[PDB]
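Q: Sharing a structure below in structure tokens format, with a few things to ask.
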There are 4 protein chains.
Amino acid sequence: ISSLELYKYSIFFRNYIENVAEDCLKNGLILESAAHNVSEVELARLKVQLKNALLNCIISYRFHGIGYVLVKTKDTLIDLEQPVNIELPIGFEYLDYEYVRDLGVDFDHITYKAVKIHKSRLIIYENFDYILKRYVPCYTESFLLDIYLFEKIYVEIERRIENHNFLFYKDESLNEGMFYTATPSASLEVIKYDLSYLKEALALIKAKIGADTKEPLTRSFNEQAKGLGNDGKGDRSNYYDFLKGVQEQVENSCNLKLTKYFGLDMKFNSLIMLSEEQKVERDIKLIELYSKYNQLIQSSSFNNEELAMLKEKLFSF
Amino acid sequence: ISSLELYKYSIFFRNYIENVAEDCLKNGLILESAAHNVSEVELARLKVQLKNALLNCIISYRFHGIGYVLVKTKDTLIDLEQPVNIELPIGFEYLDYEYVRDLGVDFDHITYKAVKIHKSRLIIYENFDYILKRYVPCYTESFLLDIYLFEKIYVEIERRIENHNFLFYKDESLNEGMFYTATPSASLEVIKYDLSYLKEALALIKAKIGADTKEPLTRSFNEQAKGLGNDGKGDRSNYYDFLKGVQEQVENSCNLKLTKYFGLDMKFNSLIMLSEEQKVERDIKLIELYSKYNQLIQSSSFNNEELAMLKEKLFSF
Amino acid sequence: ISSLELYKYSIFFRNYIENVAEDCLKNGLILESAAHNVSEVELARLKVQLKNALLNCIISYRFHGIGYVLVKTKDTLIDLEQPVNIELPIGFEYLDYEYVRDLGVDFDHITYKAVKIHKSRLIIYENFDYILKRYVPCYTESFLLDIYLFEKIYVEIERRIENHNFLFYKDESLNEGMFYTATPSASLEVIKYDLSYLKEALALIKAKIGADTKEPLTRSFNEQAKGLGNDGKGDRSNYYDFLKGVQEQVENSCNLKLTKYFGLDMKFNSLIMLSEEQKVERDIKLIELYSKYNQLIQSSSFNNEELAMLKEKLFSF
Amino acid sequence: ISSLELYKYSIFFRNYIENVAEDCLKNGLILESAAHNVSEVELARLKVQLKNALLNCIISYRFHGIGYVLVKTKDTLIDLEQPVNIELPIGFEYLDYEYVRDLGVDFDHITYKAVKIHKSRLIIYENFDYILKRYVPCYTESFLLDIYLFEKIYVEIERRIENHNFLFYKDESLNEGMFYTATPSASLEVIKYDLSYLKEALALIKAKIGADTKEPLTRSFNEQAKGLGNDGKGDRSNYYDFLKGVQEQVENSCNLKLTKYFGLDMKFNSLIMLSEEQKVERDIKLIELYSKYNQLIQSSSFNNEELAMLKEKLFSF
């Protein structure tokens, strides 16, 4: 089973690949300059390009196992080989995986099409598996088999739908709604197909898909929500933890060179976005807490030390 | 399976294509002029034309993979080849995909019917897939197969409905409600068809359609709502996120040239529209919050720094 | 399958065509004169005629793909060819589609029966599909097939109801409630038909009809409500959005020439009509909001700027 | 299938035809004189006759497609040909459809039996279908087929009820509760009929009838209510909208000539009639609203403009 052919044929596989990338950058990024000399306008334009490059970078990381983003500066096509000491980026460009040749971590350069580019100009998001000692995608052969069977169910349905029922007529001698014959041994029987096998197969395939991935839309066949809301509790969902880990890895990969070589810092906005009503409810409860604290302080005679100890053992104070 | 023939035959496919475009522009746009010299009346007329062009632009993006909108100015048919430096648009016109020839991003012109038009006069909304290295529509072959089977179920039903039941009469020698014969070996039997195959096929096809798309009307067969209301929480629906991403892409595509070449800015109104009752409830709660804050400030003795810190850690203040 | 024959035979198809037109004009229109010189009495009479013409215009738009309304002035049958600069209408008349010949948008005149009429005297409501490059009705071949099968179920029922049960008597030699014979090989058997096929077909046809249209009465077989009430929330129904889009298109089509050539403006009343009790409940809540705001303003010491900022961030104030 | 024979035979069809007419005039009318010179007593007597004529007029409109009401004045049988300029009616009389000959809208007279009557003396309620270009009744062939099958079910039941069970006795040689025979090949078997076909047919016919009409009594087989009560909300039922449209059409037809030629105006009372308890509850809530408004006005210091703006944005004030 070829992953490229399945990607071409199945929109389900395409959505499974792209949903994580879409959800990671859904709430936006924050870009900041250590020097604090770049105008916010240009910083914001650079950010938009970074989001555009990072989308394809995460997609390539999920499909191939590695992603490449070039940080373009005001330099020539030949100067890309030379390392960067300190510079301000002009933009970001995602590099296609099929046009990139990299010989490993021991080398400090890649070949792009044959333009030689130093690795200090590249943001690299890689999935290295130490048990396999190689870069691997997010899917295995079993997952490909599950998707293939899920698509093959409907191919089998299409192969038989036209003749799900037909007549079997045996006759040796050969408007009204009557079929007449004179042969005494003649027979007429309806031949019918069945779909219970495919229904059971669909149920088992759905169970396997739900067991093989954590993306909520893929498991539930677009029936469930992403579970990235605010429930007033710390018990987050599995998808939240997965997205947080992906965001942390992307942040490490980007800041490993943005800060050292380009003097920039990138951050992901919070996965959970509060609503205006929830924000107001939070302000009211905190104001009530402050009022209660003021009433306690004003109408008590606690020794200062006890007051200090209460201060450290309080979260807000 | 040809997508054009399915579009011609099936209203379900037409609705699936057009529902996203209809929902994206349902709440309207905002058009603004940086120079602040155009009268709002003409700005509003230009906006209506922009909405009309953008509807067809999103439809063509979803069906073909790319959409073209020409920004018409007070120029001649020959002057469309020349670039634009700074100008005020006279309107917007959607360009048919079949009459447009574009050789790629490396070229800065297109051919329309053979009128040569510079790309600075065109708003381009394209879906480029880096894994496939080509522009792709929103559907795949599997989705077309699902729609084809969904339509073929009822063709099969129509092929057999007239003779779902008929009589099989065997007789060698050949008002009242009695059928009489004298042959001792004669037979009379009712031949019946079955529909359990097609019912099971419909169930599986519905499950596949729900798994292959996120548009709520298409998945639920017009049984569910769009889920674009206000629930007082930040946990938005999947359709909301999809529409927000589409709106962001359209905004980038339009503002990439409206601002640089025509000095205009476009924005999408909010997907969620509050009701008058909800607006009043929000005002009451915010007034209560302000009253509580004033009571806290007036009847407390907090050091200024603590008050400042409370100010930064409050969302509203 | 011919749409005219189905319209003639089926009341279900007639209702499906006419329900949208009936619901669009159910709450009435508003007619206004820019010059503010026409008496309201004549304006109201003109409005009634406009509603009468617009009903048939929307019906023809839904059945044929285009609708024509002539704006009749105090002119002769020959003067209808000449354009209109500025005039006051005497009325409105719907023009039958079969008697109208139009050669396209490139032409500025139509032929009616052969009276030549300039297009500036005509309100045109057209459904142009850019993918098909032609005017199309609101239905496709699949929808016609569904309606045909829905009607054919009961034709099949009528074809067999009289002999759903009958006796099969075999006898070679040939009050009381006893049937007697002397032939030892004689037989007597009841022959019965079945209706499970047609019941299953009805279920599948209902599912297909619900999937192929958004009109709530057609989908639910007159079992559901139109969903155009007030729920105190912004989450409107799909039918509301569809009717709003239709109303917007009709408003654009009418005002494209009523204002430029006749100095008139037309508007649709709101789809949602509040009840008297709901209106009172709204007044009470807004008065409570104003009282709370007055109490906040009177008993606080907020700096003016803060008060201003609260004013902009409040919806009502 | 003949509609007259079905009307003769079926009370269900008669009720379906007459229920709309009965519900339209159930709450009464209002008759007013523009001159304000007729005594209310005579106006009320004229109203009763108008209701009596309008009942049959709506029945004829529903059964035939057109209805005729003559406005009788103090004139002779020959003077009915002459037009009316200004006159006061002496009464109203419904004219039978079968005795009326009308050649179309292009003619201004009809023939009644051969008395020639000018159309200015006639109230005409017609259902013209522009797609069919003819006057049509409220039913189609499919609805007639449904009613015919509904009646034919019980005819089939009556055709077999006496011999639903009978004995089949085979015997070649031919108090106690024992049937004895000596023939060794003799047989005795009970022959039974079945009713599952007719039960399923009844279910499907009920579904079709509910889909083909909006009258709640006809759809539910007299099991549901008319849904014309007060629910404190604006979400009215489908039957309410249908009756409102019928009332509006009847009002237009009557006032098209009552006002121009006879100086009279007719109106329909409201479809929804409030109960005494509901009226009291409404008064209490409005008095509470007025008290709250007075308290707000008396104990506030709002600038006059703000007070004015609150006045326009309030429904009651």
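If you're wondering about the labels, chains in the structure tokens are A, B, ... by order shown, residues count from 1 in each chain, ligands from 1 in order shown.
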Given a cut-off of 6 Å, which residues of chain D touch chain C, counting only C-alpha atoms, written out as a PDB file with C-alpha atoms, in the first residue's frame?
A:
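Just written: out_22.pdb:
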```pdb
ATOM      1  CA  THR D 140     -54.753  17.349  -8.222  1.00  0.00           C
ATOM      2  CA  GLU D 141     -55.008  13.863  -9.680  1.00  0.00           C
ATOM      3  CA  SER D 142     -52.616  12.424  -7.093  1.00  0.00           C
ATOM      4  CA  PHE D 166     -64.111 -21.202   5.548  1.00  0.00           C
ATOM      5  CA  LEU D 167     -63.658 -24.975   5.339  1.00  0.00           C
ATOM      6  CA  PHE D 168     -62.176 -26.870   2.376  1.00  0.00           C
ATOM      7  CA  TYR D 169     -63.531 -30.431   2.433  1.00  0.00           C
ATOM      8  CA  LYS D 170     -62.346 -33.210   0.094  1.00  0.00           C
ATOM      9  CA  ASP D 171     -64.276 -36.491   0.163  1.00  0.00           C
ATOM     10  CA  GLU D 172     -64.658 -38.707  -2.886  1.00  0.00           C
ATOM     11  CA  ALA D 211     -47.754  15.142   2.670  1.00  0.00           C
ATOM     12  CA  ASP D 212     -50.263  16.434   0.101  1.00  0.00           C
ATOM     13  CA  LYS D 233     -44.689  33.615  20.718  1.00  0.00           C
ATOM     14  CA  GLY D 234     -44.521  34.670  17.108  1.00  0.00           C
ATOM     15  CA  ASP D 235     -43.845  31.172  15.751  1.00  0.00           C
ATOM     16  CA  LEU D 289     -43.904  47.998  32.425  1.00  0.00           C
ATOM     17  CA  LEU D 314     -38.620  51.083  23.111  1.00  0.00           C
TER      18      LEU D 314
END
```
Q: Where does DSSP see alpha helix (DSSP H) in region 2-199 of chain D, if you list the residues as a PyMOL selection string?
A: chain D and resi 3-9+11-24+40-64+141-160+196-199
Q: Quick one: everything within 10 Å of residue 253 (chain A), counting only C-alpha atoms, minus sequence neighbours fewer than 5 positions away in the same chain. Send it as JSON, numbers by chain.
A: {"A": [122, 123, 124, 125, 126, 247, 248, 258]}
Q: Just asking: which residues within region 73-207 of chain C are strand (DSSP E or B) according to DSSP, as a PyMOL selection string?
A: chain C and resi 91-95+100-102+109-112+115-118+122-126+128-129+134-135+165-170+178-181+187-192
Q: If you count only C-alpha atoms, which residues fall within 9 Å of residue 62 (chain D), apart from same-chain ones fewer than 3 positions away, as a list in words?
A: residues 17, 18, 20, 21, 57, 58, 59, 65, 66, 67, 127, 136, 137, 138 and 139 of chain D
Q: Would you export the selected residues with C-alpha atoms as an mmCIF file, in the first residue's frame, please?
A:
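Output below, filename part.cif:
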```cif
data_model
loop_
_atom_site.group_PDB
_atom_site.id
_atom_site.type_symbol
_atom_site.label_atom_id
_atom_site.label_comp_id
_atom_site.auth_asym_id
_atom_site.auth_seq_id
_atom_site.Cartn_x
_atom_site.Cartn_y
_atom_site.Cartn_z
ATOM 1 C CA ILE D 17 -63.146 20.919 0.897
ATOM 2 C CA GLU D 18 -65.278 22.705 3.498
ATOM 3 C CA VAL D 20 -60.928 25.853 5.144
ATOM 4 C CA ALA D 21 -64.089 27.824 4.362
ATOM 5 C CA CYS D 57 -67.760 31.534 -2.522
ATOM 6 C CA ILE D 58 -64.730 29.996 -0.814
ATOM 7 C CA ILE D 59 -66.189 26.496 -1.224
ATOM 8 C CA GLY D 65 -61.191 27.316 -8.977
ATOM 9 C CA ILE D 66 -63.449 30.398 -9.027
ATOM 10 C CA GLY D 67 -66.289 31.844 -6.972
ATOM 11 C CA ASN D 127 -57.200 30.750 -8.485
ATOM 12 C CA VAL D 136 -57.366 25.150 -11.111
ATOM 13 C CA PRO D 137 -58.991 23.675 -7.973
ATOM 14 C CA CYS D 138 -57.124 22.996 -4.734
ATOM 15 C CA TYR D 139 -56.639 19.285 -5.557
#
```
Q: Please report the interatomic distance between CA of residue 174 (chain C) and CA of residue 160 (chain C) in Å with one decimal.
A: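 It comes out at 28.4 Å.
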Q: Skipping near chain neighbours, those fewer than 6 positions away, what residues fall within 12 Å of residue 245 (chain D) using only C-alpha atoms, listed as a PyMOL selection string?
A: (chain C and resi 19+22-23+25-28) or (chain D and resi 20+24+238-239+251-252+268+271)
Q: So that I have them on file, write out the residues from the current selection with N, CA and C atoms, as a compact mmCIF listing (two decimals), in the first residue's frame.
A:
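That gives us again30.txt:
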```txt
# COMPACT_ATOMS: atom_id res chain seq x y z
N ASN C 19 -43.96 27.24 -2.07
CA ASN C 19 -43.85 27.54 -0.64
C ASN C 19 -42.81 28.63 -0.37
N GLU C 22 -44.35 31.95 -1.25
CA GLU C 22 -45.36 32.34 -0.27
C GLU C 22 -44.71 32.83 1.02
N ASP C 23 -43.63 32.17 1.45
CA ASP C 23 -42.97 32.54 2.70
C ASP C 23 -42.16 33.82 2.56
N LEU C 25 -42.88 36.62 0.84
CA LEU C 25 -43.75 37.79 0.91
C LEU C 25 -44.80 37.69 2.02
N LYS C 26 -44.61 36.78 2.98
CA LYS C 26 -45.62 36.54 4.01
C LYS C 26 -45.76 37.71 4.98
N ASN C 27 -44.66 38.37 5.33
CA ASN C 27 -44.70 39.47 6.29
C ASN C 27 -44.84 40.84 5.64
N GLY C 28 -44.89 40.93 4.31
CA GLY C 28 -45.14 42.19 3.63
C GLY C 28 -43.86 42.91 3.25
N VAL D 20 -61.61 24.57 5.30
CA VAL D 20 -60.93 25.85 5.14
C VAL D 20 -61.93 27.00 5.13
N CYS D 24 -62.15 29.96 7.95
CA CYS D 24 -61.84 31.33 7.53
C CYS D 24 -62.84 32.32 8.12
N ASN D 238 -48.32 26.38 10.37
CA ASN D 238 -48.47 26.44 8.92
C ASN D 238 -49.91 26.71 8.52
N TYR D 239 -50.86 26.14 9.27
CA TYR D 239 -52.27 26.35 8.98
C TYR D 239 -52.65 27.81 9.22
N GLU D 251 -60.01 39.33 1.15
CA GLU D 251 -60.14 40.75 1.47
C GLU D 251 -59.84 41.60 0.25
N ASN D 252 -58.78 41.27 -0.49
CA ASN D 252 -58.47 41.99 -1.72
C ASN D 252 -59.61 41.87 -2.72
N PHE D 268 -61.36 41.03 8.09
CA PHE D 268 -61.48 39.78 8.82
C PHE D 268 -61.06 40.01 10.27
N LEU D 271 -57.43 35.92 13.57
CA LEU D 271 -57.49 34.47 13.69
C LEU D 271 -57.32 33.98 15.12
```
Q: Counting only C-alpha atoms, which of D:61, D:70, D:84, D:207 gets nearest to residue 128 (chain D)?
A: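 Under the stated criterion, the closest residue is D:61.
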